[PDB]
Amino acid sequence: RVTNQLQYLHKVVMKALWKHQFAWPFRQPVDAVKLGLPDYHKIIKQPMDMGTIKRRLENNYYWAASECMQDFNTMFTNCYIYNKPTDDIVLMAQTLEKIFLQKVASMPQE
Amino acid sequence: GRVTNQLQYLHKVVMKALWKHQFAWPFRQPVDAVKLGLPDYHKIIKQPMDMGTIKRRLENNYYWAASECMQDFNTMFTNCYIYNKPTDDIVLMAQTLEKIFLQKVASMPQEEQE
Ligand SMILES: CCNC(=O)c1cc2c(-c3cc(C(C)(C)O)ccc3Oc3c(C)cc(F)cc3C)cn(C)c(=O)c2[nH]1
Ligand SMILES: CCNC(=O)c1cc2c(-c3cc(C(C)(C)O)ccc3Oc3c(C)cc(F)cc3C)cn(C)c(=O)c2[nH]1
């Protein structure tokens with residue numbers, strides 16, 4: 001499905017987030033083996049990353065805007081829940097999530 | 001602060017839907033860390049936020065733009081995810097409310113007026 005809302009999420013929201021200096025830890029799934037995090041997939045049951053969201057927008061996976069917005073939300077929430085409050089990654093996620101919300105405030109109404 | 005079409009939608013549509021939700025009660029007022037016996041709360045959460053504060057701010061025309069009110073809702077949810085354990089029920093309550101917040105925000109009027 002291709003709606004004006006999903007087009008905006010792809011061309012405005014994803015475009016702004018993908019290129020952000022803090023985006024690199026979120027562009028691909030968390031490689032728990034490489035990172036040495038054996039409890040990752042035990043705590044995070046729904047892993048999500050921008051690369052998966054990007055691939056989904058490119059292959060018209062979503063039916064509604066709300067579904068893509070929930071995937072961005074899952075990615076940020078996974079980060080806050082798994083990591084320690086003082087981890088830099090939490091600050092990086094918060095910075096990107098603020099941009100996500102600022103952009104979503106201007107999204108088409110459908 | 002001013003009265004925009006988007007700020008009106010956040011008050012009459014978004015806040016209206018969230019305030020009355022069965023899972024809203026722990027979010028209607030600030031986290032009472034003294035009553036809860038949580039001495040580390042204000043050490044980890046430096047920007048406390050709750051729906052009651054957001055509601056009072058919408059009622060008193062505190063915000064200049066919808067994006068500012070949306071950031072306060074986001075701070076409230078993020079504070080919950082960061083402070084609590086992954087398995088705490090409060091995290092599930094916050095996630096349920098945040099999904100409604102995002103569903104409602106998707107239907108907000110696109111352009112901000114006055
Ligand atoms: C409880 C401890 N948690 C972690 O260690 C942890 C690490 C990570 C990473 C992450 C992913 C990658 C690649 C590109 C391989 O994907 C690379 C580095 C990453 O993190 C670091 C960052 C951002 C800066 C550093 F100086 C060092 C590291 C390790 C992503 N996400 C979303 C996480 O939630 C997460 N948690
Ligand atoms: C790591 C430990 N974390 C907590 O203890 C914790 C408690 C809380 C509360 C919260 C606030 C209040 C009042 C009105 C007094 O403020 C009352 C109960 C609350 O929680 C409970 C709920 C929802 C159901 C229960 F069966 C029991 C409790 C305690 C709110 N928020 C947003 C939190 O993030 C939070 N974390």
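Note: hydrogens, waters and symmetry copies are ignored here, and every other heavy atom, side chains too, is used. Throughout, a chain's letter reflects where its sequence line sits, starting with A, and its residues are numbered from 1. In each ligand, atom 1 is the first atom listed, and ligand 1 is the first ligand listed.
Using bins of under 30°, 30° to 60° and over 60° for the plane-to-plane angle, the ring pair A:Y80/B:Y81 lands in the parallel bin. Note on ring orientation: taking the six-membered ring where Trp is involved, the planes of B:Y41 and B:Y83 are perpendicular (angle over 60°, cut-offs 30° and 60°). Using a 30° and 60° split on the angle between ring planes, B:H21 and B:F23 fall in the tilted class, from 30° to 60°.
The protein non-hydrogen atom at the shortest distance from atom 5 (O) of ligand 2 is B:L38 CD1, 3.6 Å. Of all protein heavy atoms, the one closest to atom 19 (C) of ligand 2 is B:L36 CD2, 4.2 Å. The nearest protein atom to atom 15 (C) of ligand 1, hydrogens excluded, is given as A:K34 NZ, 4.2 Å; this is a heavy-atom distance. Atom 16 (O) of ligand 2 has as its closest protein heavy atom B:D32 N, 3.2 Å.
Taking every heavy atom of both residues into account, A:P25 and A:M92 meet most closely at CG-CE, 3.6 Å.
Remark: ligand 1 atoms within the under-4.0 Å shell around heavy atoms of A:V30 are 31 (N), 32 (C). Close contacts of ligand 2 with B:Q29, meaning ligand atoms under 4.0 Å from a residue heavy atom, involve 14 (C). Near A:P25, meaning under 4.0 Å from any of its heavy atoms, are these atoms of ligand 1: 23 (C), 30 (C), 32 (C). Every atom of ligand 1 is numbered from 1 in the order shown, and the set under 4.0 Å from a heavy atom of A:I89 is 23 (C), 30 (C), 31 (N), 33 (C).
Hydrophobic clustering of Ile, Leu, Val, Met, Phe, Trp and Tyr side chains at less than 4.5 Å, counting indirect connections, unites B:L36 with B:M51.
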Checklist entry - Passes side-chain hydrogen bond (donor to acceptor under 3.5 Å, both in side chains), A:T3 versus A:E110? Steps please. => result CA-CA 8 Å; A:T3 202; A:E110 164 70 280; 2.7 Å; yes
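Nearest to atom 21 (C) of ligand 2 by heavy atom, out of B:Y81, B:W25, B:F27, is B:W25.
Distance check on atom 11 (C) of ligand 1: some protein heavy atom falls below the 4.0 Å cut-off. In this structure, atom 28 (C) of ligand 2 has no protein heavy-atom contact shorter than 4.0 Å. Protein heavy atoms come within 4.0 Å of atom 2 (C) of ligand 1. Protein heavy atoms are found inside the 4.0 Å sphere centred on atom 33 (C) of ligand 2.
The 12-atom threshold is not exceeded at CD of B:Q47, counting heavy atoms of other residues, nucleotides or ligands nearer than 6.0 Å. A:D88 CG: 12 or fewer foreign heavy atoms inside a 6.0 Å radius. Counted within 6.0 Å of CD on B:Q113, heavy atoms from surrounding residues, nucleotides or ligands total 12 or fewer; the atom is thus considered open. Atom OH of A:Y61 is surrounded by 12 or fewer heavy atoms from other residues, nucleotides or ligands within 6.0 Å.
Annotation: cation-pi geometry satisfied between B:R2 and B:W64 (NZ/CZ under 6.0 angstrom from ring centroid, within 45° of ring axis).
The shortest N or O to N or O distance between B:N84 and ligand 2 is under 3.5 Å.
Contact annotation: for B:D88 versus ligand 2, heavy atoms closer than 4.0 Å belong to the side chain alone. Contact annotation for B:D89 and ligand 2: no heavy atom of the residue comes within less than 4.0 Å of the ligand. At a 4.0 Å heavy-atom cut-off, ligand 2 touches B:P30 through the backbone alone.
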